[PDB]
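Asker: One structure coming up, written as structure tokens, with questions to follow.
Protein chains: 10
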Amino acid sequence: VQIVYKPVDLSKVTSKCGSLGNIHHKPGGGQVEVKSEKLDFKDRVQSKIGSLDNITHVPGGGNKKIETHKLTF
Amino acid sequence: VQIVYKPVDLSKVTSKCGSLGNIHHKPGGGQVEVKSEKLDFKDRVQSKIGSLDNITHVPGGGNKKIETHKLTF
Amino acid sequence: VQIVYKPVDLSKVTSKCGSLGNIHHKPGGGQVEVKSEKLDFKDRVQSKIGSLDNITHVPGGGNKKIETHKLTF
Amino acid sequence: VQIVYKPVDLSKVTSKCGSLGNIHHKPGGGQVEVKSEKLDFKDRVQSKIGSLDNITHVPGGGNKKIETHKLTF
Amino acid sequence: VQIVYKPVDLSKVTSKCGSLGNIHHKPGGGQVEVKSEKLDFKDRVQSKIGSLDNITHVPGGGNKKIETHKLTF
Amino acid sequence: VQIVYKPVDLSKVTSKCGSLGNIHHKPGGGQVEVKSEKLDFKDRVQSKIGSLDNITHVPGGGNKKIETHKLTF
Amino acid sequence: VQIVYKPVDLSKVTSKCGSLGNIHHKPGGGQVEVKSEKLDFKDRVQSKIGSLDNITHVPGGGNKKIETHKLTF
Amino acid sequence: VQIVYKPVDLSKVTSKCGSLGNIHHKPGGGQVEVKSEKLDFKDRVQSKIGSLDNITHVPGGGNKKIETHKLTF
Amino acid sequence: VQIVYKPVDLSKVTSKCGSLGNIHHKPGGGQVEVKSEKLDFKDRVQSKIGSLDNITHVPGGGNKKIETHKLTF
Amino acid sequence: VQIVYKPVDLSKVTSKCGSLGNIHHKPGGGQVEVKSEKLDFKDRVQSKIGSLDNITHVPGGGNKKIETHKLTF
């Protein structure tokens, strides 16, 4: 049994931008309420209860490259 | 048995942009309410209960490349 | 048994844009309410209960490339 | 048994745009209500209950390319 | 059994940006309240209860590259 | 006397090709026989005498652009 | 006398190729025989006498751009 | 007399190639025989007499750009 | 007399290649026989007599840029 | 007389290559026989007589840039 794994990657993910500009994030404040009582969490539990998130994300390029290789035998 | 795996990738994902411009995110605030009582979560549970999300995402290119390779035997 | 896997990819996903311009996201605030009582979640459960999402997404190109390879034997 | 897999891809997915222009997303706020009681979810359940989504998505090209390869034996 | 794993990667993820510009994050303050009583958490539990997050994230390029290799036998 | 020589060239010479295939150059061998006595070559003489050439030229595009610009007085 | 020589060149000579394949150059061998007595070469004489050439030239693009710019008085 | 020589060159000569493959240069051997008596070479004489060449040239792009700029009085 | 020689060059000569493969240079051996009596070479004579060359040239890009700039009075 | 010689060069000669592979240079051996009596070489004579060369040249890019700048009176 001979297995040869030799992929070749010369790719690119790119961007160019002159300027981004004026970005205004100004939401009115809101109200979030949760009236639960019992929260018993177990065994791989990911939980967000009752939240207010104000997020401004402005990268000067937010390019992503995800690459996965796998050889099993 | 001879297996040769040699894919070749010279591709590109790209963008160019002169400017983005003036971006205004100004939603009226809202109200979110949850009146649940028992939240027993277990064994691979992903949960978001009761939330208000104000998100501005303005990348100067948000290009993505996802590549997966897999050889089993 | 001889298996040769050698695909070739010289492709591109691209965009060009002069400017994006003035983008106004200004929804009236709304109201979201959930009156449930028991939420027992288990074994690979993905759940969003009671939410208000205000999202502005304005990438200067949001091009995507997804590529999957698989050889089994 | 000889198997040769060598597809060739020199394709492109592209766009050009002078400007996008003025985009106004201004829906009146609405009301969403759910009066359920028992939500027992299990074993690969994807669920969205009671939501209000205000989404503005304006990419400067949102071109996509999806490519899948598969060789079984 | 001979296994040769020699992938080659000469790729790049990059961005260029003239300036980002004036970014204004000025949300109205909101209110978040949780009225739960029992939070017994165990065995791999990730939890955020009752929060207000004001985040401004403005990298001068926030490009990411994630690469995974795996050979099993 | 005002001349102003300003030609503008924004041209392209291009090609795309999936595959160049199988090229087999297998001519039978031949014979070249040349008899002479006196070779008197003077003043910018260029010559090839008695020769045998087997040439395989297989470029992945052999595009050419040739230009001459001449201005005199 | 004002001349102003300012040609502008923004041209491209390009190619793309997936694969250059299988090139087989296998000519039979031949014979070259040259008989002479006197070779009198003077003043910029260039010559090739009695020769055998087997040439394989297989570039991954052999694109050329040649230009001449000449101004005289 | 004002000349002003200012040509502008923003050109590109480029290529992309996935793979250059399998190149087999296997000519049969040959014979070159040259007979002469007197070789009298004078004043810028360039010559090649009696030769056998086997050349394999396989560049990963053999792109060339050649230019000449000449101004005289 | 004012000359002003200011050519501007922002050009590129480039290439990309995944793999240069398998190059086999295996010519049969040959024979070169040269007979002469008198070789009288004078004044800038360049010569090659009686030779056999086997050359394999396989660069990972053999791109060239050649330029000449000449100004005279 | 004012000359002002100021050419500007911002050019690039470049290459990228994943792999240069397997290069096999295995020519059969040959023979070179040269007979002469008198070699009279004078005044800038350059010569190669009776030679056999086996050359393998495999650079990871063999890019060249050559330029000449000459100004005279």
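Going down the list, the sequences are from chains C, E, G, I, A, J, H, F, D and B. For the authors' numbering, add 305 to where a residue sits in the first sequence, where the first one is 1. For the authors' numbering, add 305 to where a residue sits in the second sequence, where the first one is 1. For the authors' numbering, add 305 to where a residue sits in the third sequence, where the first one is 1. For the authors' numbering, add 305 to where a residue sits in the fourth sequence, where the first one is 1. For the authors' numbering, add 305 to where a residue sits in the fifth sequence, where the first one is 1. For the authors' numbering, add 305 to where a residue sits in the sixth sequence, where the first one is 1. For the authors' numbering, add 305 to where a residue sits in the seventh sequence, where the first one is 1. For the authors' numbering, add 305 to where a residue sits in the eighth sequence, where the first one is 1. For the authors' numbering, add 305 to where a residue sits in the ninth sequence, where the first one is 1. For the authors' numbering, add 305 to where a residue sits in the tenth sequence, where the first one is 1. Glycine residues also receive a C-beta, built at the ideal position from the N, C-alpha and C atoms.
Tell whether a beta-carbon distance below 9 Å holds between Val363(A) and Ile308(A).
Answerer: As a working mapping, residue 363(A) is identified with position 58 in the fifth sequence. As a working mapping, residue 308(A) is identified with position 3 in the fifth sequence. Not in contact: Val363(A) and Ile308(A) (Cβ atoms no closer than 9 Å).
Asker: Does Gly366(B) have its Cβ less than 9 Å from a Cβ in chain C?
Answerer: If you number the tenth sequence from 1, residue 366(B) lands on position 61. No, because no Cβ of chain C sits closer than 9 Å to the Cβ of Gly366(B).
Asker: Kindly say whether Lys321(H), judged by its beta-carbon, lies nearer than 9 Å to any beta-carbon of chain I.
Answerer: For the purposes of this step, residue 321(H) is taken as the residue at position 16 of the seventh sequence. Taking Cβ atoms only, chain I reaches closer than 9 Å to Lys321(H), which makes this a yes.
Asker: Should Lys311(E) be flagged as near chain D, meaning a C-beta pair shorter than 9 Å?
Answerer: For the purposes of this step, residue 311(E) is identified with residue 6 of the second sequence, where counting begins at 1. Yes, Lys311(E) counts as interfacial toward chain D.
Asker: Among all the DSSP beta bridges, which residues are the ones paired with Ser341(B)?
Answerer: The residue you call residue 341(B) lines up with position 36 of the tenth sequence. DSSP lists no partner for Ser341(B).
Asker: Is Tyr310(I) close to chain K, meaning its C-beta is less than 9 Å from at least one C-beta of that chain?
Answerer: Here the protein chains are C, E, G, I, A, J, H, F, D and B, and chain K is not one of them.
Asker: Can you tell me where the beta strand (DSSP E) holding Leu315(C) begins and where it ends?
Answerer: Stepping through the first sequence from its first residue, residue 315(C) is reached at position 10. It is not in any beta strand (DSSP E) - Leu315(C) carries neither H nor E in the DSSP assignment.
Asker: Where does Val309(B) fall in DSSP's three states?
Answerer: Counting from one through the tenth sequence, the residue named residue 309(B) turns up at place 4. Coil at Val309(B), not helix or strand.
Asker: Please classify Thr319(H) as buried or exposed, where buried requires at least 16 neighbouring CB atoms within 10 angstroms.
Answerer: As a first step, residue 319(H) must be located in the seventh sequence, where it is residue number 14. It is buried - the Cβ of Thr319(H) has at least 16 other Cβ atoms within 10 Å.
Asker: Under 6 Å Cβ to Cβ from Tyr310(H), same chain only, skipping five residues before and after it: list those, please.
Answerer: For the purposes of this step, residue 310(H) is taken as the residue at position 5 of the seventh sequence. Within the same chain, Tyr310(H) has close Cβ partners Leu376.
Asker: Compare the Cα-Cα distances from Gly326(H) to each of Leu357(H), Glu342(H), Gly365(H) and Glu338(H) and report the closest residue.
Answerer: On the seventh sequence, position 21 is the one that residue 326(H) refers to. Ranking the options by Cα distance to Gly326(H), first place goes to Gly365(H).
Asker: Give the C-beta separation of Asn368(D) and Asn359(F) to the nearest angstrom, bearing in mind that I take them to be a contact with Cβ-Cβ under 8 Å.
Answerer: On the ninth sequence, position 63 is the one that residue 368(D) refers to. On the eighth sequence, position 54 is the one that residue 359(F) refers to. That belief does not hold up - the Cβ atoms of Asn368(D) and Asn359(F) are roughly 24 Å apart, past 8 Å.
Asker: Could you tell me the distance, in whole angstroms, from the CA atom of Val339(D) to the CA atom of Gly335(J)?
Answerer: Taking the ninth sequence and counting its residues from 1, one reaches residue 339(D) at position 34. Taking the sixth sequence and counting its residues from 1, one reaches residue 335(J) at position 30. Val339(D) and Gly335(J): Cα-Cα distance of roughly 20 Å.
Asker: Output the distance between the C-alpha atoms of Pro312(A) and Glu372(C), rounded to the nearest integer angstrom.
Answerer: As a working mapping, residue 312(A) is identified with position 7 in the fifth sequence. As a working mapping, residue 372(C) is identified with position 67 in the first sequence. In a straight line, the C-alpha of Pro312(A) is about 12 Å away from that of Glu372(C).
Asker: Under the three-state reduction of DSSP, which class applies to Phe378(A): helix, strand or coil?
Answerer: For the purposes of this step, residue 378(A) is taken as residue 73 along the fifth sequence, with counting starting at 1. Three-state DSSP puts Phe378(A) in coil, outside helix and strand.
Asker: Would you report the Cα separation of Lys347(C) and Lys321(B), rounded to the nearest angstrom?
Answerer: In the first sequence, the residue the question calls residue 347(C) occupies position 42. In the tenth sequence, the residue the question calls residue 321(B) occupies position 16. Looking at the two C-alpha atoms, the distance is approximately 52 Å.
Asker: Just the C-alpha distance for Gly355(F) and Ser356(B), rounded to the nearest angstrom, thanks.
Answerer: Sequence index remark: in the eighth sequence, residue 355(F) carries index 50 (1-based). Sequence index remark: in the tenth sequence, residue 356(B) carries index 51 (1-based). Approximately 11 Å between the Cα atoms of the pair.
Asker: Compute the distance between the beta-carbons of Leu344(E) and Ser324(C), then report whether it is under 9 Å.
Answerer: For this step, residue 344(E) is matched to residue 39 along the second sequence. For this step, residue 324(C) is matched to residue 19 along the first sequence. Contact flag unset, no.
Asker: Is the beta carbon of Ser352(D) less than 9 Å from the beta carbon of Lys317(B)?
Answerer: The count along the ninth sequence starts at 1 and reaches residue 352(D) at position 47. The count along the tenth sequence starts at 1 and reaches residue 317(B) at position 12. In this structure, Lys317(B) does not lie closer than 9 Å to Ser352(D) by Cβ.
Asker: Assuming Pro332(C) contacts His330(E) (C-beta within less than 8 Å), just tell me the rounded distance between them.
Answerer: Working through the first sequence from its first residue, we reach residue 332(C) at position 27. Working through the second sequence from its first residue, we reach residue 330(E) at position 25. Indeed they touch by this definition, with Cβ atoms about 7 Å apart.
Asker: Output the distance between the C-alpha atoms of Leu315(J) and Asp314(F), rounded to the nearest integer angstrom.
Answerer: In the sixth sequence, counting from the first residue as 1, residue 315(J) sits at position 10. In the eighth sequence, counting from the first residue as 1, residue 314(F) sits at position 9. Answer to the nearest angstrom: the Cα atoms are 11 Å apart.
Asker: Can you look up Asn359(G) in the DSSP assignment and give me helix, strand or coil?
Answerer: As a working note, residue 359(G) is residue 54 in the third sequence. Three-state result, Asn359(G): strand.
Asker: Using the Cα positions of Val350(H) and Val306(J), report the straight-line distance between them to the nearest angstrom.
Answerer: Numbered from its first residue, the seventh sequence carries residue 350(H) at position 45. Numbered from its first residue, the sixth sequence carries residue 306(J) at position 1. Those two C-alpha atoms are separated by around 43 Å.
Asker: Could you pull the DSSP bridge partners for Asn327(J) from this structure?
Answerer: Looking up residue 327(J) in the sixth sequence gives position 22. DSSP, once it has assigned bridges, lists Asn327(H) as partnering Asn327(J).
Asker: Does any residue of chain G have a CB that is nearer than 9 Å to the CB of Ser356(F)?
Answerer: As a working note, residue 356(F) is residue 51 in the eighth sequence. With 9 Å as the cut-off, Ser356(F) does not count as an interface residue toward chain G.
Asker: Keeping to the same chain, check which residues put their C-beta closer than 8 Å to that of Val337(D); ignore five residues upstream and five downstream.
Answerer: As a working note, residue 337(D) is residue 32 in the ninth sequence. Counting only Cβ-Cβ distances below 8 Å, and skipping sequence neighbours, we find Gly355, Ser356 and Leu357.
Asker: In whole angstroms, what separates the C-alpha of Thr361(A) from that of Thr361(E)?
Answerer: Numbered from 1 along the fifth sequence, position 56 holds the residue referred to as residue 361(A). Numbered from 1 along the second sequence, position 56 holds the residue referred to as residue 361(E). So the two alpha carbons sit approximately 10 Å from each other.
Asker: Leaving out five residues on either side along the sequence, give the residues of the same chain with a beta carbon under 7 Å from the beta carbon of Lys370(F).
Answerer: As a working mapping, residue 370(F) is identified with position 65 in the eighth sequence. These residues qualify, in order along the chain: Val318.
Asker: Taking just the CA atoms, how far does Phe378(H) sit from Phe378(J)?
Answerer: Within the sixth sequence, numbered from 1, the residue matching residue 378(J) stands at position 73. Within the seventh sequence, numbered from 1, the residue matching residue 378(H) stands at position 73. Rounded to whole angstroms, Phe378(J) to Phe378(H) spans 5 Å at the Cα level.
Asker: Any idea what DSSP makes of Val350(D), helix, strand or coil?
Answerer: Numbered from its first residue, the ninth sequence carries residue 350(D) at position 45. DSSP places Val350(D) in coil when its eight states are reduced to three.
Asker: Check whether chain I comes within 9 Å of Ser352(H), counting only Cβ atoms and requiring the distance to be less than that.
Answerer: Along the seventh sequence, one-based indexing puts residue 352(H) at 47. It does not; no Cβ of chain I falls within 9 Å.
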